[PDB]
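Pasted below: final04.pdb, PDB, C-alpha atoms and all ligand atoms.
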```pdb
ATOM      1  CA  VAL A  97      -3.314  11.462   2.312
ATOM      2  CA  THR A  98      -1.429  12.162   5.685
ATOM      3  CA  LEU A  99       1.024  10.016   7.698
ATOM      4  CA  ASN A 100      -0.863  10.784  10.908
ATOM      5  CA  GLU A 101      -3.994   9.147   9.437
ATOM      6  CA  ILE A 102      -2.097   5.837   9.084
ATOM      7  CA  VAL A 103      -2.559   3.639  12.100
ATOM      8  CA  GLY A 104       0.552   1.557  12.474
ATOM      9  CA  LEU A 105       3.708   1.460  10.503
ATOM     10  CA  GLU A 106       5.748   3.773  12.712
ATOM     11  CA  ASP A 107       8.951   2.028  11.600
ATOM     12  CA  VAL A 108       7.815   1.908   7.937
ATOM     13  CA  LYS A 109       7.098   5.648   8.039
ATOM     14  CA  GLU A 110      10.655   6.152   9.327
ATOM     15  CA  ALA A 111      12.161   3.946   6.604
ATOM     16  CA  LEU A 112      10.338   5.974   3.927
ATOM     17  CA  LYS A 113      11.365   9.256   5.596
ATOM     18  CA  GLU A 114      14.937   7.996   5.579
ATOM     19  CA  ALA A 115      14.799   6.612   1.967
ATOM     20  CA  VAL A 116      12.929   9.520   0.408
ATOM     21  CA  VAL A 117      12.149  12.566   2.579
ATOM     22  CA  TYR A 118      15.503  13.296   4.277
ATOM     23  CA  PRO A 119      17.462  12.893   0.987
ATOM     24  CA  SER A 120      15.023  15.163  -0.858
ATOM     25  CA  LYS A 121      15.197  17.704   1.895
ATOM     26  CA  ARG A 122      18.980  17.453   2.426
ATOM     27  CA  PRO A 123      20.838  15.777  -0.538
ATOM     28  CA  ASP A 124      24.087  17.393   0.663
ATOM     29  CA  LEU A 125      23.942  15.011   3.667
ATOM     30  CA  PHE A 126      23.945  11.902   1.403
ATOM     31  CA  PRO A 127      27.381  11.972  -0.220
ATOM     32  CA  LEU A 128      27.295   8.210  -0.593
ATOM     33  CA  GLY A 129      24.173   8.286  -2.713
ATOM     34  CA  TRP A 130      20.791   6.616  -2.075
ATOM     35  CA  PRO A 131      18.350   4.258  -3.857
ATOM     36  CA  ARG A 132      15.390   5.604  -5.823
ATOM     37  CA  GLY A 133      13.364   2.409  -6.174
ATOM     38  CA  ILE A 134      11.557   1.315  -3.006
ATOM     39  CA  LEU A 135       9.586  -1.938  -2.741
ATOM     40  CA  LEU A 136       6.667  -2.187  -0.458
ATOM     41  CA  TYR A 137       5.601  -5.812  -0.065
ATOM     42  CA  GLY A 138       2.980  -7.563   2.113
ATOM     43  CA  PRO A 139      -0.617  -8.771   2.272
ATOM     44  CA  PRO A 140      -3.410  -6.690   0.781
ATOM     45  CA  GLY A 141      -5.089  -3.755   2.385
ATOM     46  CA  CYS A 142      -2.433  -3.095   5.004
ATOM     47  CA  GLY A 143      -1.372   0.371   3.835
ATOM     48  CA  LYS A 144       1.145   0.108   0.983
ATOM     49  CA  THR A 145      -0.917   2.551  -1.108
ATOM     50  CA  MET A 146      -1.648   4.861   1.900
ATOM     51  CA  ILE A 147       1.929   4.991   3.057
ATOM     52  CA  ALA A 148       3.095   5.921  -0.465
ATOM     53  CA  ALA A 149       0.560   8.727  -0.867
ATOM     54  CA  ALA A 150       1.239   9.898   2.680
ATOM     55  CA  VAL A 151       4.899  10.448   1.787
ATOM     56  CA  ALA A 152       4.044  12.289  -1.402
ATOM     57  CA  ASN A 153       1.905  14.451   0.820
ATOM     58  CA  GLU A 154       4.713  14.821   3.412
ATOM     59  CA  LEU A 155       6.905  16.125   0.609
ATOM     60  CA  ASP A 156       4.067  17.912  -1.136
ATOM     61  CA  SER A 157       5.660  16.189  -4.107
ATOM     62  CA  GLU A 158       3.785  15.149  -7.235
ATOM     63  CA  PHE A 159       2.181  11.689  -7.001
ATOM     64  CA  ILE A 160       1.695   9.396  -9.996
ATOM     65  CA  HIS A 161      -0.386   6.279  -9.485
ATOM     66  CA  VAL A 162       0.021   3.441 -11.934
ATOM     67  CA  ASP A 163      -1.411  -0.052 -11.916
ATOM     68  CA  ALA A 164       1.210  -2.331 -13.387
ATOM     69  CA  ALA A 165      -1.557  -4.505 -14.878
ATOM     70  CA  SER A 166      -2.744  -1.504 -16.904
ATOM     71  CA  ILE A 167       0.670  -0.723 -18.461
ATOM     72  CA  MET A 168       1.234  -4.226 -19.756
ATOM     73  CA  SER A 169      -0.747  -3.914 -23.019
ATOM     74  CA  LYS A 170      -1.078  -6.781 -25.461
ATOM     75  CA  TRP A 171       0.418  -4.754 -28.391
ATOM     76  CA  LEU A 172       4.168  -4.358 -28.765
ATOM     77  CA  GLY A 173       5.050  -0.726 -28.447
ATOM     78  CA  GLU A 174       1.933   0.446 -26.672
ATOM     79  CA  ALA A 175       3.346  -0.904 -23.451
ATOM     80  CA  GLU A 176       6.762   0.572 -24.291
ATOM     81  CA  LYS A 177       5.006   3.876 -24.898
ATOM     82  CA  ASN A 178       3.261   3.505 -21.549
ATOM     83  CA  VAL A 179       6.429   2.886 -19.576
ATOM     84  CA  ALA A 180       8.256   5.743 -21.318
ATOM     85  CA  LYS A 181       5.369   8.192 -20.805
ATOM     86  CA  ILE A 182       5.237   7.491 -17.099
ATOM     87  CA  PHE A 183       8.826   8.317 -16.346
ATOM     88  CA  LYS A 184       8.821  11.241 -18.797
ATOM     89  CA  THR A 185       5.768  12.774 -17.095
ATOM     90  CA  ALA A 186       7.448  12.179 -13.726
ATOM     91  CA  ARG A 187      10.650  13.933 -14.827
ATOM     92  CA  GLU A 188       8.793  16.860 -16.398
ATOM     93  CA  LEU A 189       6.619  17.380 -13.343
ATOM     94  CA  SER A 190       9.713  17.203 -11.138
ATOM     95  CA  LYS A 191      11.667  19.640 -13.286
ATOM     96  CA  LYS A 192       8.730  22.097 -13.608
ATOM     97  CA  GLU A 193       7.869  22.346  -9.879
ATOM     98  CA  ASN A 194      11.440  21.827  -8.674
ATOM     99  CA  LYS A 195      10.511  19.115  -6.257
ATOM    100  CA  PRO A 196      10.347  15.366  -6.276
ATOM    101  CA  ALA A 197       7.987  13.215  -8.261
ATOM    102  CA  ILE A 198       6.805   9.899  -6.899
ATOM    103  CA  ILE A 199       5.670   7.090  -9.142
ATOM    104  CA  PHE A 200       3.617   4.543  -7.262
ATOM    105  CA  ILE A 201       3.243   1.337  -9.153
ATOM    106  CA  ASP A 202       0.875  -1.181  -7.640
ATOM    107  CA  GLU A 203       0.484  -4.793  -8.723
ATOM    108  CA  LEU A 204       4.201  -4.533  -9.725
ATOM    109  CA  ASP A 205       4.441  -8.325 -10.130
ATOM    110  CA  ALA A 206       2.060  -7.977 -13.070
ATOM    111  CA  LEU A 207       5.037  -6.711 -15.086
ATOM    112  CA  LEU A 208       6.300 -10.344 -15.121
ATOM    113  CA  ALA A 209       2.974 -11.943 -16.145
ATOM    114  CA  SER A 210       2.772 -12.618 -19.949
ATOM    115  CA  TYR A 211       0.401 -10.931 -22.474
ATOM    116  CA  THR A 212       1.665 -11.142 -26.111
ATOM    117  CA  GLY A 216      10.146 -10.188 -25.535
ATOM    118  CA  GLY A 217       7.663  -8.954 -26.197
ATOM    119  CA  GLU A 218       6.857  -8.432 -22.505
ATOM    120  CA  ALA A 219      10.575  -8.848 -21.731
ATOM    121  CA  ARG A 220      11.465  -5.895 -23.974
ATOM    122  CA  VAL A 221       8.965  -3.734 -21.991
ATOM    123  CA  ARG A 222      10.360  -5.027 -18.705
ATOM    124  CA  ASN A 223      13.916  -4.190 -19.706
ATOM    125  CA  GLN A 224      12.810  -0.791 -20.938
ATOM    126  CA  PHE A 225      11.250  -0.194 -17.499
ATOM    127  CA  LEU A 226      14.421  -1.334 -15.713
ATOM    128  CA  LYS A 227      16.562   0.897 -17.953
ATOM    129  CA  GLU A 228      14.346   3.802 -16.804
ATOM    130  CA  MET A 229      14.877   2.635 -13.208
ATOM    131  CA  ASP A 230      18.638   2.555 -13.654
ATOM    132  CA  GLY A 231      18.318   6.065 -15.107
ATOM    133  CA  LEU A 232      16.800   7.593 -11.900
ATOM    134  CA  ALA A 233      20.021   8.293  -9.950
ATOM    135  CA  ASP A 234      21.915   9.714 -12.962
ATOM    136  CA  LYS A 235      23.943  12.630 -11.653
ATOM    137  CA  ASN A 236      23.218  15.243 -14.308
ATOM    138  CA  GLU A 237      19.381  15.027 -14.280
ATOM    139  CA  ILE A 238      17.849  17.972 -12.425
ATOM    140  CA  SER A 239      14.510  16.124 -11.909
ATOM    141  CA  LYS A 240      14.183  14.004  -8.766
ATOM    142  CA  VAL A 241      12.051  10.948  -9.437
ATOM    143  CA  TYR A 242      11.361   8.103  -7.068
ATOM    144  CA  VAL A 243       9.681   4.811  -7.841
ATOM    145  CA  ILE A 244       7.633   3.155  -5.086
ATOM    146  CA  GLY A 245       6.653  -0.334  -6.217
ATOM    147  CA  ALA A 246       4.057  -2.451  -4.524
ATOM    148  CA  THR A 247       3.096  -6.075  -4.707
ATOM    149  CA  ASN A 248       1.250  -8.743  -2.610
ATOM    150  CA  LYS A 249       3.374 -11.428  -4.286
ATOM    151  CA  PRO A 250       6.950 -10.219  -3.972
ATOM    152  CA  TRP A 251       8.115 -13.792  -4.652
ATOM    153  CA  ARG A 252       6.836 -13.351  -8.178
ATOM    154  CA  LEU A 253       9.646 -10.833  -8.841
ATOM    155  CA  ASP A 254      12.825 -12.073 -10.492
ATOM    156  CA  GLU A 255      16.392 -11.055  -9.686
ATOM    157  CA  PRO A 256      16.943  -8.508 -12.484
ATOM    158  CA  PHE A 257      13.862  -6.767 -11.337
ATOM    159  CA  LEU A 258      14.655  -7.024  -7.637
ATOM    160  CA  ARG A 259      18.058  -5.392  -8.054
ATOM    161  CA  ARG A 260      16.434  -2.057  -9.120
ATOM    162  CA  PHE A 261      14.601  -2.024  -5.793
ATOM    163  CA  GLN A 262      17.352  -1.832  -3.203
ATOM    164  CA  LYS A 263      15.130  -0.596  -0.388
ATOM    165  CA  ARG A 264      12.491  -3.135   0.579
ATOM    166  CA  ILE A 265      10.026  -2.729   3.361
ATOM    167  CA  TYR A 266       7.724  -5.414   4.817
ATOM    168  CA  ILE A 267       4.283  -3.938   5.425
ATOM    169  CA  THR A 268       2.687  -6.263   8.018
ATOM    170  CA  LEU A 269      -0.819  -7.143   9.271
ATOM    171  CA  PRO A 270      -1.983  -4.834  12.100
ATOM    172  CA  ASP A 271      -1.028  -6.231  15.540
ATOM    173  CA  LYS A 272      -3.341  -6.642  18.497
ATOM    174  CA  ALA A 273      -2.715  -3.062  19.719
ATOM    175  CA  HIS A 274      -3.083  -1.582  16.236
ATOM    176  CA  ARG A 275      -6.242  -3.408  15.307
ATOM    177  CA  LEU A 276      -7.627  -1.763  18.448
ATOM    178  CA  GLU A 277      -6.725   1.698  17.112
ATOM    179  CA  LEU A 278      -8.204   0.716  13.767
ATOM    180  CA  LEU A 279     -11.455  -0.366  15.452
ATOM    181  CA  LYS A 280     -11.612   2.762  17.539
ATOM    182  CA  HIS A 281     -11.027   4.760  14.335
ATOM    183  CA  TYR A 282     -13.583   3.106  12.051
ATOM    184  CA  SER A 283     -16.138   2.488  14.747
ATOM    185  CA  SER A 284     -15.789   6.142  15.922
ATOM    186  CA  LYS A 285     -18.326   7.487  13.344
ATOM    187  CA  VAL A 286     -21.157   5.136  14.337
ATOM    188  CA  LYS A 287     -23.267   4.363  17.346
ATOM    189  CA  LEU A 288     -22.046   1.562  19.580
ATOM    190  CA  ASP A 289     -23.895  -0.177  22.381
ATOM    191  CA  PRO A 290     -22.040   0.158  25.765
ATOM    192  CA  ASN A 291     -21.633  -3.645  25.874
ATOM    193  CA  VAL A 292     -19.178  -3.382  22.954
ATOM    194  CA  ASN A 293     -15.644  -4.205  24.080
ATOM    195  CA  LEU A 294     -13.089  -3.009  21.529
ATOM    196  CA  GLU A 295     -10.199  -4.753  23.330
ATOM    197  CA  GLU A 296     -11.940  -8.099  22.917
ATOM    198  CA  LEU A 297     -12.700  -7.463  19.258
ATOM    199  CA  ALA A 298      -9.020  -6.502  18.689
ATOM    200  CA  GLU A 299      -8.197  -9.979  20.137
ATOM    201  CA  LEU A 300     -10.790 -11.665  17.994
ATOM    202  CA  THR A 301      -9.496  -9.882  14.881
ATOM    203  CA  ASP A 302      -6.057 -11.560  15.006
ATOM    204  CA  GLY A 303      -5.016 -12.089  11.375
ATOM    205  CA  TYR A 304      -7.415  -9.564   9.862
ATOM    206  CA  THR A 305      -6.102  -6.768   7.622
ATOM    207  CA  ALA A 306      -6.820  -3.140   8.230
ATOM    208  CA  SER A 307      -9.241  -3.104   5.310
ATOM    209  CA  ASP A 308     -10.794  -6.239   6.715
ATOM    210  CA  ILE A 309     -11.409  -4.405  10.011
ATOM    211  CA  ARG A 310     -13.059  -1.476   8.182
ATOM    212  CA  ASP A 311     -15.245  -3.958   6.301
ATOM    213  CA  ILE A 312     -16.201  -5.626   9.586
ATOM    214  CA  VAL A 313     -17.291  -2.365  11.064
ATOM    215  CA  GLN A 314     -19.244  -1.472   7.878
ATOM    216  CA  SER A 315     -20.834  -4.879   7.866
ATOM    217  CA  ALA A 316     -21.784  -4.751  11.523
ATOM    218  CA  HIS A 317     -23.225  -1.219  10.910
ATOM    219  CA  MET A 318     -25.128  -2.726   8.057
ATOM    220  CA  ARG A 319     -27.162  -5.066  10.344
ATOM    221  CA  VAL A 320     -28.786  -2.238  12.289
ATOM    222  CA  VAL A 321     -29.297  -0.020   9.210
ATOM    223  CA  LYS A 322     -30.981  -2.976   7.458
ATOM    224  CA  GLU A 323     -33.181  -3.471  10.510
ATOM    225  CA  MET A 324     -34.061   0.261  10.645
ATOM    226  CA  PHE A 325     -35.331   0.378   7.078
ATOM    227  CA  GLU A 326     -37.095  -2.992   7.326
ATOM    228  CA  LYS A 327     -38.881  -1.717  10.424
ATOM    229  CA  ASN A 328     -39.351   1.898   9.160
ATOM    230  CA  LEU A 329     -37.380   3.534  12.004
ATOM    231  CA  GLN A 330     -35.845   7.010  11.971
ATOM    232  CA  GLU A 331     -32.401   6.105  13.356
ATOM    233  CA  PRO A 332     -30.742   2.739  13.684
ATOM    234  CA  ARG A 333     -30.347   0.562  16.759
ATOM    235  CA  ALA A 334     -26.854   0.786  18.284
ATOM    236  CA  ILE A 335     -24.270  -1.717  17.195
ATOM    237  CA  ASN A 336     -23.778  -4.333  19.895
ATOM    238  CA  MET A 337     -21.127  -6.954  20.634
ATOM    239  CA  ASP A 338     -23.311  -9.715  19.171
ATOM    240  CA  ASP A 339     -23.622  -7.795  15.944
ATOM    241  CA  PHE A 340     -19.810  -8.192  15.518
ATOM    242  CA  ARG A 341     -19.749 -11.855  16.563
ATOM    243  CA  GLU A 342     -22.385 -12.536  13.928
ATOM    244  CA  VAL A 343     -20.350 -10.906  11.188
ATOM    245  CA  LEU A 344     -17.122 -12.527  12.324
ATOM    246  CA  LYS A 345     -18.888 -15.938  12.246
ATOM    247  CA  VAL A 346     -19.037 -15.513   8.425
ATOM    248  CA  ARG A 347     -16.015 -13.201   7.664
ATOM    249  CA  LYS A 348     -12.567 -14.938   7.618
ATOM    250  CA  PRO A 349      -9.138 -13.234   7.484
ATOM    251  CA  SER A 350      -8.304 -12.008   3.939
ATOM    252  CA  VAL A 351      -4.927 -13.768   4.351
ATOM    253  CA  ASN A 352      -4.215 -17.447   5.019
ATOM    254  CA  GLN A 353      -1.691 -18.963   7.398
ATOM    255  CA  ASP A 354       0.438 -20.137   4.492
ATOM    256  CA  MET A 355       0.600 -16.656   2.918
ATOM    257  CA  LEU A 356       1.975 -15.223   6.173
ATOM    258  CA  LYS A 357       4.803 -17.755   5.967
ATOM    259  CA  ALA A 358       5.329 -17.035   2.275
ATOM    260  CA  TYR A 359       5.782 -13.441   3.219
ATOM    261  CA  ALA A 360       8.092 -14.036   6.261
ATOM    262  CA  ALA A 361      10.113 -16.570   4.249
ATOM    263  CA  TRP A 362      10.443 -14.087   1.361
ATOM    264  CA  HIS A 363      11.326 -11.459   3.989
ATOM    265  CA  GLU A 364      13.954 -13.771   5.569
ATOM    266  CA  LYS A 365      15.746 -13.110   2.299
ATOM    267  CA  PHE A 366      16.036 -10.714   0.374
TER     268      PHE A 366
HETATM  269  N1  LIG B   1      -2.264   1.110   8.603
HETATM  270  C1  LIG B   1      -3.492   1.576   8.235
HETATM  271  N2  LIG B   1      -4.106   2.620   8.854
HETATM  272  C2  LIG B   1      -5.322   3.065   8.468
HETATM  273  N3  LIG B   1      -6.024   2.525   7.448
HETATM  274  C3  LIG B   1      -5.536   1.486   6.733
HETATM  275  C4  LIG B   1      -4.211   0.956   7.103
HETATM  276  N4  LIG B   1      -3.950  -0.046   6.267
HETATM  277  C5  LIG B   1      -5.019  -0.151   5.434
HETATM  278  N5  LIG B   1      -5.961   0.769   5.695
HETATM  279  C6  LIG B   1      -7.267   0.887   4.980
HETATM  280  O1  LIG B   1      -7.422  -0.065   3.909
HETATM  281  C7  LIG B   1      -7.519   0.623   2.666
HETATM  282  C8  LIG B   1      -6.554  -0.016   1.684
HETATM  283  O2  LIG B   1      -5.222   0.333   2.061
HETATM  284  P1  LIG B   1      -4.003   0.440   1.025
HETATM  285  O3  LIG B   1      -3.247   1.655   1.480
HETATM  286  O4  LIG B   1      -4.601   0.342  -0.359
HETATM  287  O5  LIG B   1      -3.056  -0.866   1.317
HETATM  288  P2  LIG B   1      -2.572  -1.993   0.229
HETATM  289  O6  LIG B   1      -1.759  -1.269  -0.833
HETATM  290  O7  LIG B   1      -1.750  -2.917   1.108
HETATM  291  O8  LIG B   1      -3.887  -2.527  -0.319
HETATM  292  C9  LIG B   1      -7.199   2.092   2.923
HETATM  293  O9  LIG B   1      -7.998   2.929   2.091
HETATM  294  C10 LIG B   1      -7.505   2.261   4.388
HETATM  295  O10 LIG B   1      -8.887   2.567   4.612
END
```
Re-express the file's structure as structure tokens.
Amino acid sequence: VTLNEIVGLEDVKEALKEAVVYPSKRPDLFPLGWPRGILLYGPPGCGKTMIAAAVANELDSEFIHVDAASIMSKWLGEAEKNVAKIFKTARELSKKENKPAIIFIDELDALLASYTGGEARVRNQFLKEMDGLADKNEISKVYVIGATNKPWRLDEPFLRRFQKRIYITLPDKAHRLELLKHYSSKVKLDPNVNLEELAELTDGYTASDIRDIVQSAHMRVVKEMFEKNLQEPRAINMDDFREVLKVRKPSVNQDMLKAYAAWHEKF
């Protein structure tokens, strides 16, 4: 919900401010126009969804969450209906409240995965809608924020509608620390717990991963409590984490990270 709740992504936040907020707030200062389709790409659970909602919140604009997998329906014309409805709703909401409307589409790549054209005809209908967003005469202000963990699955026709493209990265050593401080903050830690060390040990783990680690480590003492009929749980100690790390790997493999940085190298 807010930007300030999002750990890293200081430069992402700025790119979305610059692509969406400042134009919405001051169109008169953008006499050379600006893109309305913004691609967030990266590994899973690193804040593509959060960052999109956080902007919608920053604007207090309407926010419309769609899963691309859900709109691709195996009947001709239901999918078309879906894609038309989305943008229509967006435009109406924008026009009614006189402020922007943000469509967040996650699993975007799923628009290129086959079901029954037909799926091409839906795709092209979507892209037509995209192309329609900047049209000068429309009083509604609609932005599409598209998200995918497999940007490489997007073809050229589809990529050209997304002119702004931000890489949302794994959390770095410093940021993982903030993440750990943040998640761990609501549970009882042993003094022997060294968050700096754990940040080091969590190289390659996604923000959601980190959350799941903390939960899982909290689970060990809670499990103990109940098993032993105690009133509160034992504190979470440094071992507790090591144990859970022994079995939990990064959600993203060394190849994927290259896939991403390669893809990033273009486009
Ligand atoms: N940068 C971040 N700061 C704080 N929490 C994060 C961050 N990235 C991910 N998370 C956590 O992981 C969950 C999934 O994040 P999400 O925004 O869905 O990213 P993605 O679209 O990449 O899956 C969030 O609900 C949040 O708890």
- Message: I'd like the residues picked by the PyMOL selection byres (((not hetatm)) within 10 of (chain B and resi 1)) written out as a PyMOL selection string, using the chain letters and numbers from the file.
- Response: chain A and resi 97+99-106+136-150+202-203+246-248+267-270+274-275+277-279+281-282+305-311
- Counting all atoms listed in the file, which of A:332, A:250, A:127, A:173 gets nearest to residue A:366?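 Comparing A:332, A:250, A:127, A:173 against residue A:366, the winner is A:250.
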- Selection: 10 Å around stretch 152-161 of chain A, all atoms listed in the file, excl. self and same-chain fewer than 4 positions, as a ChimeraX atom specification: /A:97-99,113,116-118,120-121,145-148,182-183,185-186,189-190,193-202,240-244
Kindly save the residues from that selection, with C-alpha atoms included, as a PDB file, keeping the file's coordinate frame.
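After the write, selection08.pdb holds the following:
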```pdb
ATOM      1  CA  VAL A  97      -3.314  11.462   2.312  1.00  0.00           C
ATOM      2  CA  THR A  98      -1.429  12.162   5.685  1.00  0.00           C
ATOM      3  CA  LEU A  99       1.024  10.016   7.698  1.00  0.00           C
ATOM      4  CA  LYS A 113      11.365   9.256   5.596  1.00  0.00           C
ATOM      5  CA  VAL A 116      12.929   9.520   0.408  1.00  0.00           C
ATOM      6  CA  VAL A 117      12.149  12.566   2.579  1.00  0.00           C
ATOM      7  CA  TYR A 118      15.503  13.296   4.277  1.00  0.00           C
ATOM      8  CA  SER A 120      15.023  15.163  -0.858  1.00  0.00           C
ATOM      9  CA  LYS A 121      15.197  17.704   1.895  1.00  0.00           C
ATOM     10  CA  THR A 145      -0.917   2.551  -1.108  1.00  0.00           C
ATOM     11  CA  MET A 146      -1.648   4.861   1.900  1.00  0.00           C
ATOM     12  CA  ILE A 147       1.929   4.991   3.057  1.00  0.00           C
ATOM     13  CA  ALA A 148       3.095   5.921  -0.465  1.00  0.00           C
ATOM     14  CA  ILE A 182       5.237   7.491 -17.099  1.00  0.00           C
ATOM     15  CA  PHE A 183       8.826   8.317 -16.346  1.00  0.00           C
ATOM     16  CA  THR A 185       5.768  12.774 -17.095  1.00  0.00           C
ATOM     17  CA  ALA A 186       7.448  12.179 -13.726  1.00  0.00           C
ATOM     18  CA  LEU A 189       6.619  17.380 -13.343  1.00  0.00           C
ATOM     19  CA  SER A 190       9.713  17.203 -11.138  1.00  0.00           C
ATOM     20  CA  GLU A 193       7.869  22.346  -9.879  1.00  0.00           C
ATOM     21  CA  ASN A 194      11.440  21.827  -8.674  1.00  0.00           C
ATOM     22  CA  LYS A 195      10.511  19.115  -6.257  1.00  0.00           C
ATOM     23  CA  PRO A 196      10.347  15.366  -6.276  1.00  0.00           C
ATOM     24  CA  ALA A 197       7.987  13.215  -8.261  1.00  0.00           C
ATOM     25  CA  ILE A 198       6.805   9.899  -6.899  1.00  0.00           C
ATOM     26  CA  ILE A 199       5.670   7.090  -9.142  1.00  0.00           C
ATOM     27  CA  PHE A 200       3.617   4.543  -7.262  1.00  0.00           C
ATOM     28  CA  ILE A 201       3.243   1.337  -9.153  1.00  0.00           C
ATOM     29  CA  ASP A 202       0.875  -1.181  -7.640  1.00  0.00           C
ATOM     30  CA  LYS A 240      14.183  14.004  -8.766  1.00  0.00           C
ATOM     31  CA  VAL A 241      12.051  10.948  -9.437  1.00  0.00           C
ATOM     32  CA  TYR A 242      11.361   8.103  -7.068  1.00  0.00           C
ATOM     33  CA  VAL A 243       9.681   4.811  -7.841  1.00  0.00           C
ATOM     34  CA  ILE A 244       7.633   3.155  -5.086  1.00  0.00           C
TER      35      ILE A 244
END
```
- Query: What separation in Å, quoted to one decimal, exists between atom CA of residue A:303 and atom CA of residue A:365?
  - Reply: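 Value for the atom CA of residue A:303-atom CA of residue A:365 distance: 22.7 Å.
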- Using the chain letters and numbers from the file, give me the residues hit by the PyMOL selection byres (((chain A and resi 166) around 10) and not hetatm), as a PyMOL selection string. chain A and resi 162-165+167-169+175+178+202-203+206-207
- Message: For a test of reading the model, state the distance in Å between atom CA of residue A:110 and atom CA of residue A:260, rounded to one decimal.
- Response: 21.0 Å
- Task: Name every residue that the PyMOL selection byres (((chain A and resi 230) around 10) and not hetatm) selects in this structure, writing the answer as a PyMOL selection string with chains first and numbers rising.
- Result: chain A and resi 131-133+224-229+231-234+259-261
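Interatomic distance, atom CA of residue A:218 to atom CA of residue A:245: 18.2 Å.
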- Smallest atom-to-atom distance to residue A:176: which of A:219, A:112, A:312, A:238, using all atoms listed in the file? A:219
- Message: Calculated over all atoms listed in the file, which of the candidates A:315, A:330, A:301, A:336 has the smallest distance to residue A:349?
- Response: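 Residue with the minimum atom-to-atom distance to residue A:349: A:301.
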For stretch 111-122 of chain A, take all atoms listed in the file, fit an axis-aligned box around them, add 5 Å to each of the six sides, then output centre and edge lengths in Å rounded to one decimal, as AutoDock Vina command-line options.
```
--center_x 14.7 --center_y 10.8 --center_z 2.9 --size_x 18.6 --size_y 23.8 --size_z 17.5
```
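Of the listed residues A:108, A:115, A:235, A:124, the one whose atoms come nearest to residue A:263 is A:115, with distances taken using all atoms listed in the file.
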- Task: Give the answer as one residue: which of A:331, A:316, A:361, A:288 has the shortest atom-to-atom distance to residue A:345, using all atoms listed in the file?
- Result: A:316
Your completed stretch 333-343 of chain A with N, CA, C and O atoms, as a PDB file, keeping the file's coordinate frame:
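After the write, rebuild.pdb holds the following:
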```pdb
ATOM      1  N   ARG A 333     -30.824   1.178  15.519  1.00  0.00           N
ATOM      2  CA  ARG A 333     -30.347   0.562  16.759  1.00  0.00           C
ATOM      3  C   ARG A 333     -28.814   0.723  16.889  1.00  0.00           C
ATOM      4  O   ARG A 333     -28.112   0.841  15.892  1.00  0.00           O
ATOM      5  N   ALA A 334     -28.297   0.749  18.110  1.00  0.00           N
ATOM      6  CA  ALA A 334     -26.854   0.786  18.284  1.00  0.00           C
ATOM      7  C   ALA A 334     -26.239  -0.544  17.878  1.00  0.00           C
ATOM      8  O   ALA A 334     -26.901  -1.575  17.851  1.00  0.00           O
ATOM      9  N   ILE A 335     -24.955  -0.511  17.578  1.00  0.00           N
ATOM     10  CA  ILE A 335     -24.270  -1.717  17.195  1.00  0.00           C
ATOM     11  C   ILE A 335     -23.784  -2.395  18.464  1.00  0.00           C
ATOM     12  O   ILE A 335     -22.980  -1.827  19.189  1.00  0.00           O
ATOM     13  N   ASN A 336     -24.229  -3.619  18.713  1.00  0.00           N
ATOM     14  CA  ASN A 336     -23.778  -4.333  19.895  1.00  0.00           C
ATOM     15  C   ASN A 336     -22.781  -5.449  19.619  1.00  0.00           C
ATOM     16  O   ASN A 336     -22.590  -5.881  18.488  1.00  0.00           O
ATOM     17  N   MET A 337     -22.173  -5.932  20.696  1.00  0.00           N
ATOM     18  CA  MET A 337     -21.127  -6.954  20.634  1.00  0.00           C
ATOM     19  C   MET A 337     -21.521  -8.193  19.850  1.00  0.00           C
ATOM     20  O   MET A 337     -20.673  -8.806  19.205  1.00  0.00           O
ATOM     21  N   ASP A 338     -22.795  -8.574  19.938  1.00  0.00           N
ATOM     22  CA  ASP A 338     -23.311  -9.715  19.171  1.00  0.00           C
ATOM     23  C   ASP A 338     -23.187  -9.399  17.716  1.00  0.00           C
ATOM     24  O   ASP A 338     -22.679 -10.232  16.953  1.00  0.00           O
ATOM     25  N   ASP A 339     -23.660  -8.206  17.342  1.00  0.00           N
ATOM     26  CA  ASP A 339     -23.622  -7.795  15.944  1.00  0.00           C
ATOM     27  C   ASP A 339     -22.260  -8.170  15.301  1.00  0.00           C
ATOM     28  O   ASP A 339     -22.221  -8.771  14.227  1.00  0.00           O
ATOM     29  N   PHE A 340     -21.158  -7.832  15.980  1.00  0.00           N
ATOM     30  CA  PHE A 340     -19.810  -8.192  15.518  1.00  0.00           C
ATOM     31  C   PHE A 340     -19.602  -9.701  15.449  1.00  0.00           C
ATOM     32  O   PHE A 340     -19.218 -10.236  14.407  1.00  0.00           O
ATOM     33  N   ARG A 341     -19.912 -10.400  16.540  1.00  0.00           N
ATOM     34  CA  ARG A 341     -19.749 -11.855  16.563  1.00  0.00           C
ATOM     35  C   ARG A 341     -20.441 -12.509  15.370  1.00  0.00           C
ATOM     36  O   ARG A 341     -19.883 -13.404  14.721  1.00  0.00           O
ATOM     37  N   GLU A 342     -21.639 -12.021  15.062  1.00  0.00           N
ATOM     38  CA  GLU A 342     -22.385 -12.536  13.928  1.00  0.00           C
ATOM     39  C   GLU A 342     -21.622 -12.363  12.628  1.00  0.00           C
ATOM     40  O   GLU A 342     -21.610 -13.273  11.789  1.00  0.00           O
ATOM     41  N   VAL A 343     -20.978 -11.213  12.459  1.00  0.00           N
ATOM     42  CA  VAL A 343     -20.350 -10.906  11.188  1.00  0.00           C
ATOM     43  C   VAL A 343     -18.983 -11.598  11.074  1.00  0.00           C
ATOM     44  O   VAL A 343     -18.541 -12.013   9.978  1.00  0.00           O
TER      45      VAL A 343
END
```
